[PDB]
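Letters A, B, C, D, E and F mark the chains in the order given here, with residues in each chain numbered from 1 onward.
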């Protein structure tokens, strides 16, 4: 059960773009479309649930 | 006397000070210092006078024949090189 | 493609020529399909389907009740400052199941021959080993309290405030089955423990902080993996 | 260099210098005295246990042999 | 200004309520009108000069937990068990407009806006309920202007200050200060360790009466009346030359706190310590120098209102003291307790001036008239009692 | 069995005493060469949200 949960959570985390590694145009475009705080909080809650 | 109640009522003793309450918290503590009894390894910061006195002490009280020989040879070498190099006289 | 391209395709070209008719026919056959699923699904799929349909029926009838009534307490009167309020100084669980000494302890066999020596007893229920605990040397330890069965905190709930805080444990005061279990610090159901209540803001009549209070375990930690307790206020 | 490392480590924790040899040990008396001090601190218990940790091949069993004499 | 003498005898005992009386207040303009709300789903108006019933206010389907007069005295608000607040005309006894609906659970406390802060030709009323919400109602329209939410427990007490501030003490161990105009949270104090039963303001006595005073006259126009009410509020809340409302909060953790949100922010002025049980009621003196607290430890305590220092304690009761009420001259306090008795205490001497028996069951609601002629009591005996000298 | 002492505070301590104890203990763990005496009988239990707010404001 925990292997299935960890595999799916890692697939969610490792596939979504990381804003700290994007070009400033792409990062700020994601910030315009999406609240970057909300994006990072959602992915951090995913990682917290995994751990 | 073999009965074991959950709580034991304290018994008042006449002529003695009253005991502290059961909820009293004692914050007094005593501390002891851990010390490592080992000399400095390099023995280079010490001056020639302290080297003289230490090697004399090891020459007198050492349990190793070779160590006593080396200490006596060293103090003899310093006394031969300079008779003024005698802090203890 | 970029952006709302399937929506743009539907705008510029439409859908399949039978799409609305097939959607209507499927919605019409939905009742027959639901009855066929209710009468022909088997096993765990059938049980989950039945539970989910029961939930839908409850939600639906609640919706009917709400839409029908869209247009429409203690026995003795008490003032507003006496609302939500509640001798014999009894604990919430005055009696639990007694635990035998095989259910508490199992026999740890030691030696190298075919006939082993079985003087070591391992505690099977969770324990609170206490503060600044160092394990006894192996030649002299009889009662093994394993590291994975040691608990240092408990989910303690306040009966009046109706809030649950995770509080540290200070000592085990009484295990009702055996005084030896209390001496070993075994956490079982109905065990009185002492907890640090500094996080609840309990204060005496002058200002001293009350940081130690009794609580009682209300769950089975060996079956639930957690220690749940109720404050004795 | 050994004395400098002893200074750096004694900023953090009580440290001893050691040559773990059965025939020719160094620091054995200081380590015995330190363990005696810790026994004086924990005299209420019947005995104290001193566990040796570290990387492989640092000299844990050799230190035990040097302290034991055998 | 004037001396209020201690009441010593029963004036009139009036029956009429079929259930225990839960709340009572005198009218702000005069002591002739007394409004009680009981568990018989009704409120009642009493003419105390003749000791007679006047109006029987019906319409609630639950116990009327709270009655509250308007500061100008032209309205009476009743909050009940049935999640409703109703506004009534006290000179005629008929309900004004419809009932105020929107609360989900039991409505416990009411607070009228001060008369010098009314705007848009209407009055505003804050209702605190068990559903962790405080709703602000426009009296003339019956519509909710703001909903203050954020508490994790039932809001047991609400006060409306003279600077458009909402003080709410709740069962989630917190007291909150809200902006009345914008409906936003300003301050959140969480220093208490248990339920906050009651809060009191340093200007509560003048905010209850607005422009009404000992002169018994009314200013000719509305702006003069509002200026007089504002002047009285500023005189009562003047601390070191600056207006600053002081808030005392009593809790079930045996303690009280004194707050000055204007000058100290979230830091309390002092913690009032000494009660051996839960503190039920707390109230400032009208002159603003003393604080009286009634506890569940059979005692009342007096504190200095500037630093929270204990002065004296009043112990005559054998059952928990439920309410305390000051006199207008700040010399006497009447305490109504569970032991079926009222006791009038002289606070300058610290002694029992008068004892008032006569209630056969527990006493729930005690009030003193603003002009100090009468003391009203009600409880589980279902009959209201008036006390005079 | 029912007992009145189950519903009482078992350990209480005053503000100044607790503050002095905490200050002295912190000064004690400042020095790594000092070890306590009878630490098992000392009250050592006394010594030892931006994401939530943002999600609460904007779901």
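Here, contacts are C-beta pairs under 8 Å (C-beta built on N, C-alpha and C of every residue); 3 or more make two chains touch, one makes a residue touch a chain.
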item	value
Greatest separation from chain B - chain, by CA centre	E
Pair sharing more residue contacts (C-beta pairs) when B-F is set against B-D	B-F
Whole-Å gap separating chain E and chain F, where each centre is the average of the chain's CA atoms	40
Centre-to-centre distance between chain F and chain C (centres being mean Cα positions), rounded to whole Å	27
Centroid spacing, where centroids are CA-atom means, of chain C and chain D in whole angstrom	48
Averaged-CA centre spacing for the pair chain E and chain B, given as whole angstrom	73
Multi-chain contact residues (two or more partners), chain D	14, 41
Chain B residues counted as touching two or more neighbouring chains	6, 23, 25, 32, 34-35
Chains grouped in pairs wherever the two touch, ordered by label	A-F, B-C, B-D, B-F, C-D, C-E, C-F, D-F
Touching residues (chain side chain C, partner chain E) in the complex	73, 76-81, 83-84, 160-161, 200-207
Footprint of chain A on chain F - complex, ascending	51, 54-55, 58
In the complex, chain F residues that touch chain B	1, 3, 5, 8-13, 17-18, 20-21, 24-25, 28, 33-38, 42-43
Residue ranges of chain A in contact with chain F within the complex	35, 37-38, 41, 44-45
Touch list for chain B against partner chain F, complex	6-7, 22-27, 29-35
